[PDB]
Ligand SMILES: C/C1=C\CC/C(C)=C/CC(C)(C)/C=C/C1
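Only one chain is included here, represented as structure tokens and corresponding to the form deposited without the named molecule.
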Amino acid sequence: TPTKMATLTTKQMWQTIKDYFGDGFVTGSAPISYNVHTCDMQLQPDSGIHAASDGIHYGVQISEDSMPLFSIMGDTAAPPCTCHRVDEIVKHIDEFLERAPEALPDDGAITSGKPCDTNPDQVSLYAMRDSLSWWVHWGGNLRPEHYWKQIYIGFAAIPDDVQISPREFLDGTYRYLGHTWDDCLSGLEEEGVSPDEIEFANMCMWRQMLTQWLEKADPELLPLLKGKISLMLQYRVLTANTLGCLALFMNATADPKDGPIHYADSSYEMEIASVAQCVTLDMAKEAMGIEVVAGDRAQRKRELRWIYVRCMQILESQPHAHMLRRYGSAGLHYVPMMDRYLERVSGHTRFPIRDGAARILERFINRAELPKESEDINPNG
């Protein structure tokens, strides 16, 4: 077989994830392909009678009717549905990709929103601090056999704080703390993640990189989504890649006796949990007081709480409630505790990485592949 090495174009990448994910519940939605329709979720009254094994005992349980007790919360409202317009968004993106540039002017710029940041590897180190912090609040440990799943979280987090081109992400030009993306894929193989699970997580990452890049490369896209609230939420969940991170978290945390994690068999519960965590994050950040948001911000908040309570209740009865309830609601404890968000409250500064944290993070840095400008990161590690 002749050795071909051409990096796919963004158009070909888009086509590839279209073919892999297929359509969601709307025809022509690929690759925006969720099967759960958030707008149709129903909330059932709680009878108060629960078995010890009931899923309500996992995660954080805050009933809808109790939310008025908390001033930072309140009442809920069903969101308007524009989800059936998804085919129009995909058609628009197909057209844009016929003449899209492979590079943007600000590629490589820091976008963390914290003026202290001047080195992109230092930003990656902070993102790695955050990635282990999320992993822990989801229920995970720091054992060495999950090293590369944690690196995956880092790759999922850094595109928000550093502008990365999908091409450079794919072809090894971009490195996260010295790691190429292929290093993560190869590492997941060394850890024993099945090839099918790796490729699902891989395609989710492709989709994240593409959708986040389109938001910056195509000036028509965000205006097109901003006015379609329910659709913007679908899109934001893809740019957050909570689904890909969840798949690998489940692989690390699931009962060994249980079979491998297949999205084909568990898409419903995984999608519900991925949406719940995104909504919880936005809930918690707003409540604490730290543009994609459109229209009346007060109404958008009532919609998030509507979605949150229904996502969480549905997760009560799902086969993996024992992981997905906590994944869905973890923002309620990780946002108040994590430096990432406390730094923003404190005038968007940077907390020092003390020696204990630095020693934890040291092994995640491939110092041999860093640029000379970054050889001195994590010095106390």
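The term rigid core refers to the most C-alpha atoms you can superpose between the two forms while keeping them within 1.5 Å. Quick note: we count residues from 1 along the sequence shown, nothing fancier.
Form deposited with the named molecule bound: not shown, discussed below.
- Residue in contact with the named molecule in the entry with it bound (any heavy atom within 4.5 Å), chosen from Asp107, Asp87, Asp160, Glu286: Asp160.
- The partner is absent here, but in the entry with it bound a heavy atom of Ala156, alone among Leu225, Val309, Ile272, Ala156, sits within 4.5 Å of the named molecule.
- When contacts are defined as a non-hydrogen atom within 4.5 Å, none of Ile151, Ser165 and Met203 contacts the named molecule in the entry with it bound.
- Figure note: of the listed segments 264-272, 70-78, 134-142, 292-300, the one touching the named molecule in the entry with it bound, with heavy atoms no more than 4.5 Å away, is 134-142.
- Although the partner is absent here, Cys245 lies within 4.5 Å of the named molecule in the entry with it bound, judged by heavy atoms.
- Contact between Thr211 and the named molecule in the entry with it bound is not found at the 4.5 Å heavy atom cutoff.
- When contacts are judged by a 4.5 Å heavy atom cut-off, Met128 does not count as touching the named molecule in the entry with it bound.
- Of the heavy atoms in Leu177, none are within 4.5 Å of the named molecule in the entry with it bound.
- In the entry with it bound, the residues of 258-295 lying within 4.5 Å of the named molecule by at least one heavy atom are, in order, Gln277, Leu281.
- Only one of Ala77, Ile110, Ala100, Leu185 has its Cα shifted by 2 Å or more between the shown form and the other one after fitting on the core, and that residue is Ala100.
- Fitting the two forms on the rigid core leaves the C-alpha of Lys228 displaced by at least 2 angstroms between the shown form and the other one.
- Comparing the forms between the shown form and the other one, the C-alpha position of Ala217 differs by 2 angstroms or more, with the core used for superposition.
- After superposition on the rigid core, the Cα atom of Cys278 is displaced by less than 2 Å between the shown form and the other one.
- Note on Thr76 and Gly227: their C-alpha atoms are nearer in the entry with it bound, a change of at least 3 Å from this conformation.
- Put simply, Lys228 and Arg302 come closer in the entry with it bound: their C-alpha atoms are 3 Å or more nearer than in the form shown.
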